[PDB]
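Below: one structure, written as structure tokens.
Both backbone and side-chain heavy atoms feed into the values below; hydrogens, waters and symmetry mates do not. Per chain, numbering begins at 1; letters A, B, ... match sequence-line order.
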2 protein chains.
Amino acid sequence: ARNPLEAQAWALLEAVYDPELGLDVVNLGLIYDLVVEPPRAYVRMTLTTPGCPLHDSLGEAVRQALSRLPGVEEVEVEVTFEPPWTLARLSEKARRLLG
Amino acid sequence: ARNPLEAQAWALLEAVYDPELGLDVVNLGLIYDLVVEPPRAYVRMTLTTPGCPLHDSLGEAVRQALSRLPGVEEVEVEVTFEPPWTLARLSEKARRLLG
């Protein structure tokens, strides 16, 4: 799955922003795994707080972002708390202080 | 919080059915904790499968069920995977074989 769509996928996700922290899911370190292999795309991610929300809007935005990739007919977005997220996963870039 | 609303709460939840297993959340062993103390109600529950769903419809139905209790102005429904659910949590009643 080492292809140009992978790089494109990362760019797309960098445009998906978290509701609470105001930063994109990539710099926030919410993306645990990403695999793009047409016709499928898989992403394992987490949320910044424990518990499943009534509407996983962030997960939906991530799915829709990956769907923008050509040839991706199926997107599997798995939201997990293993391991549990903490601010230590923030990027240096997001540590270049927007916070 | 040892009151008659607690018993009423259990009856209400026994009327909320899981989408996949076709059994109510109580007999399925999905309710981990329940505290009813007007004006508040708290419930910690889990789901039969890992991962946070796009729409936690079951959690919503549980919340709405508890809202039927008189004097409950705030309902906190926490969906957790700690500990992780398994069929071993099924009730004898639900083990009186509906499955």
Check residues 8-19 of chain B and write down every donor-acceptor pair under 3.5 Å in which the side-chain atom is one partner and the other belongs to a residue at least two apart or another chain.
| residue | atom | partner | partner atom | Å |
| --- | --- | --- | --- | --- |
| B:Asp18 | OD2 | B:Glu20 | N | 2.9 |
| B:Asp18 | OD2 | B:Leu21 | N | 2.9 |

Pair listing, disulfide (SG to SG under 2.5 Å) test, anchored in residues 55-99 of chain A, at least two apart: none
For B:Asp24, side-chain hydrogen bond (donor to acceptor under 3.5 Å, both in side chains) partners two or more places apart: B:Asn27
Pairs meeting criterion ring pair (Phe, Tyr, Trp, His ring centres under 6.0 Å) with involvement of residues 63-82 of chain A, two or more places apart: none
Full working for side chain to side chain contact (heavy atoms under 4.5 Å, CB included) between A:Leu28 and A:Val25: CA-CA 5 Å; A:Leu28 279 177; A:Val25 301; 5.5 Å; no
Hydrophobic cluster membership, B:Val79 vs B:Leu54, 4.5 Å side-chain cutoff: no
For the student: nearest non-hydrogen atoms of B:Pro70 and B:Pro38, plus distance: O-CG, 4.2 Å
Connected hydrophobic set around B:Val35, excluding itself, where side chains approach under 4.5 Å: B:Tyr42
Main-chain N/O of B:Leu30 paired to B:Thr46 side chain as donor or acceptor, under 3.5 Å: no
Qualifying ring pair (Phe, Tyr, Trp, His ring centres under 6.0 Å) pairs with a residue from residues 50-72 of chain A, counting only residues at least two apart or across chains: A:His55-B:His55
Nearest heavy atoms of A:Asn3 and A:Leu5, plus distance in Å: OD1-N, 2.8 Å
Sequence neighbours excluded - disulfide (SG to SG under 2.5 Å) pairs with any residue from residues 13-47 of chain A: none
Smallest separation among heavy atoms of A:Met45 and A:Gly59, with atom names: SD-CA, 4.0 Å
Least distance between heavy atoms, B:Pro84 atom then B:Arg89 atom: O-NE, 4.5 Å
Qualifying residues under side-chain hydrogen bond (donor to acceptor under 3.5 Å, both in side chains), relative to A:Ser67, sequence neighbours excluded: A:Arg63
Sequence-distant partners of A:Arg95, side-chain contact (heavy atoms from CB on, under 4.5 Å), two or more places apart: A:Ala88, A:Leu90
side-chain hydrogen bond (donor to acceptor under 3.5 Å, both in side chains) involving B:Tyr32 - partner list, sequence neighbours excluded: none
Close side-chain approach of B:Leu34 and B:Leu66, heavy atoms under 4.5 Å: yes
Within residues 41-59 of chain A or reaching into it, pairs that qualify as salt bridge (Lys or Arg N to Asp or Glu O under 4.0 Å) - sequence neighbours excluded: A:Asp33-A:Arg44
Side-chain (A:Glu6) to main-chain (A:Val36) donor-acceptor, under 3.5 angstrom: yes
Disulfide (SG to SG under 2.5 Å): pairs with one or both residues in residues 19-83 of chain B, sequence neighbours excluded: A:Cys52-B:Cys52
